[PDB]
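Taking the form solved without the ligand, here's one chain by itself in structure tokens.
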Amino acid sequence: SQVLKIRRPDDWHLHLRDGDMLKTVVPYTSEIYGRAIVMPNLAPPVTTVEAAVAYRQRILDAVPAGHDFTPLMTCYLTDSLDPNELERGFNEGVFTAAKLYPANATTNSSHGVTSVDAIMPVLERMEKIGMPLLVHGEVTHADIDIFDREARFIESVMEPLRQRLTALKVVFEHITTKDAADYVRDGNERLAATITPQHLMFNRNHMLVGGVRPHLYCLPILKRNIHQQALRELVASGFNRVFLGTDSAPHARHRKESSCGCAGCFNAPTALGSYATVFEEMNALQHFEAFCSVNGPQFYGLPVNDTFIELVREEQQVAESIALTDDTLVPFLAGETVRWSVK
């Protein structure tokens, strides 16, 4: 059985949630990845050093004995955020990056951004101190068709922002379109992107033909096949400013399989082997390690991990569900037979 040995990977885009759900889901990340970028979209969000320090410790408390795992914390950008708080957290090694969610005029200033123009002082501060900006690049305006939201972000927000702040380092998180793949391919050394396993493995048909599949519902929404193919081609090319970010985003089963299902795939348990399957299919396994273990560190100016893990091409069955305190979590590819797993 074929063996794939790689430097220990990292996850450059992760949701760990909090409380009991955090206790459940952390082990699936800590058992495999050395570090992860931990997103700040708690309720309430992580917008202060104190909260990030506290949250970091809750994460560390939940790491099983012996796992070598370091959470890399983020600040949720809001209109009200003091640039000095951000800077202090970056300087103290508490915030590795800050995250910009979609703007909306009606958002409370404690919970997000009304527009990019309103948070120039903080963005300028990030440019100054060399702090990376992580972007969920969709516009939210009600008239705009959901499938166009990412492309429209590129024209309306990302390009003007990058033209404004020429030294700002930006990660275009979880890209899902040819439009984004091309934009990132054609960008400079200050622009990178992450790609999830579901956006490489699937397109909107897998979510909507023969049934509606809420466990494949996530944001940005799965796009038509031509976009999926662009993404696969981008990672297969060896392009070195794209890297692993799972966007593992767990919700209890009853919240996914409801009359209004929550967005997000719980893909931490199965992402890495899914990535391996994609790179193999694209005849590009030579570029798999870099994607998983080198490109991200290089973009963030952090060291590459010096231990190794092995995947083995031996069929395993994914769990049907994973028990929480009250309900259950359905993992990405639940109940399926997968091609690659971790040894």
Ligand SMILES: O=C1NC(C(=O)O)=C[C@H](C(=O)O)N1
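Note that residue numbering begins at 1 and tracks the sequence as displayed. Take the two forms, find the largest set of C-alpha atoms that superpose within 1.5 Å, and that set is the rigid core. Residues that one form lacks are left out of the comparison.
Absent from the display: the form deposited with the ligand bound. The rest refers to it.
Enquirer: Would the site accept the ligand without a clash, i.e. open, or is it blocked, meaning 3 or more of its atoms lie within 2.4 Å of backbone or C-beta after superposition from the pose in the bound PDB entry?
Expert: If you fit the ligand onto this chain using the C-alphas around its site, the pocket comes out open.
Enquirer: Mind telling me which stretch in 217 to 225, 119 to 127, 156 to 164, 267 to 275 gets its heavy atoms within 4.5 Å of the ligand in the bound PDB entry?
Expert: Correct option: 217 to 225.
Enquirer: What is the one choice in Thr107, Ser80, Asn240, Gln229 with a heavy atom within 4.5 Å of the ligand in the bound PDB entry?
Expert: Of the candidates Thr107, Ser80, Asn240, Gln229, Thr107 is the one lying within 4.5 Å of the ligand in the bound PDB entry.
Enquirer: Please identify the residue among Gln298, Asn41, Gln316, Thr70 with any heavy atom within 4.5 Å of the ligand in the bound PDB entry.
Expert: When the ligand is considered in the bound PDB entry, the option within 4.5 Å is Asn41.
Enquirer: Is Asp247 near the ligand? Define near as a heavy atom within 4.5 Å, in the bound PDB entry.
Expert: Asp247: contacts the ligand in the bound PDB entry.
Enquirer: Going by a heavy atom distance of 4.5 Å, is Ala263 a contact of the ligand in the bound PDB entry?
Expert: Close contact exists here: in the bound PDB entry, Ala263 approaches the ligand to within 4.5 Å, heavy atoms only.
Enquirer: How about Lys178 - does it come within 4.5 Å of the ligand in the bound PDB entry, if we only consider non-hydrogen atoms?
Expert: Outside the cut-off, so no.
Enquirer: Please run the contact check for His136 against the ligand in the bound PDB entry: heavy atoms, 4.5 angstroms, yes or no?
Expert: Result yes; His136 sits at the interface with the ligand in the bound PDB entry.
Enquirer: Pull the contact list for 170 to 191: residues with a heavy atom within 4.5 Å of the ligand in the bound PDB entry, in sequence order.
Expert: Sequence-ordered list has one entry, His174.
Enquirer: Fit the core first: which of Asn188, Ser109, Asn91, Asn205 then shifts its CA by 2 Å or more between the shown form and the other one?
Expert: So the only displaced C-alpha belongs to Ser109.
Enquirer: Flagged pair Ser109/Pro40: C-alpha distance shifts by 3 angstroms or more in the bound PDB entry. Which direction, closer or farther?
Expert: Compared with the form shown here, the C-alpha atoms of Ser109 and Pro40 sit closer together in the bound PDB entry, by 3 Å or more.
Enquirer: Which is it in the bound PDB entry for the CA atoms of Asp145 and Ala105, closer or farther than here, knowing they shift by 3 Å or more?
Expert: Closer together, by at least 3 Å.
Enquirer: Just the runs, please: which groups of three or more residues in a row shift their CA by 2 Å or more between the shown form and the other one on the core?
Expert: This is the sole shifted run between the shown form and the other one: 103 to 112.
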